[PDB]
């Protein structure tokens, strides 16, 4: 069976978590929330409460068949880690060409991998300049697939995003 890591901090955009999570679990893929402390709760911008399954200190990227990075302000919080551990965890997926999914602000974390040069991505408008400066070919589409990397912009894109992330895991 296949397992998707979801990296999460407070103030994620609720639907960016719940919608892809439900699409993945509907297709038969288990999800596992990675955050600061196992068995702590993080809380979305609109109040959704999510239990963290695995602490980032313990997390083994090699356990997972994909990574999902929900947006909101969760990616900004994650990038506040004084040891950069979320960027490092993400770098496993980018460096080894494992399916990697990010929506909205989520592509911020990918910047921290330094693996974006020559890759094609999209993201929410707020974050597109930063993706470009990291060396991505940034476009403005509802969903963009570059080999293993799937990105979308906003919640309105979720149908497209959800179809592509499931297709990755099937492949």
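Numbering follows the first chain given and starts at 1.
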Of 29-37 and 128-136, the stretch with the higher mean C-alpha B-factor in the deposited entry is 29-37
Quick one: higher average CA temperature factor, 105-113 or 40-48? 40-48
Among the modelled residues of its chain, does the C-alpha B-factor of residue 123 lie in the lowest, middle or highest third? lowest
Using the temperature factors of the C-alpha atoms in this entry, rank residue 171 within its chain: lowest, middle or highest third. highest
Taking the C-alpha B-factors as the PDB entry records them, is residue 57 in the lowest, middle or highest third of its chain? highest
By the recorded C-alpha temperature factor, relative to the other modelled residues in its chain, which third is residue 160 in? highest
Of the three thirds of its chain by CA temperature factor, lowest, middle or highest, which one includes residue 24? highest
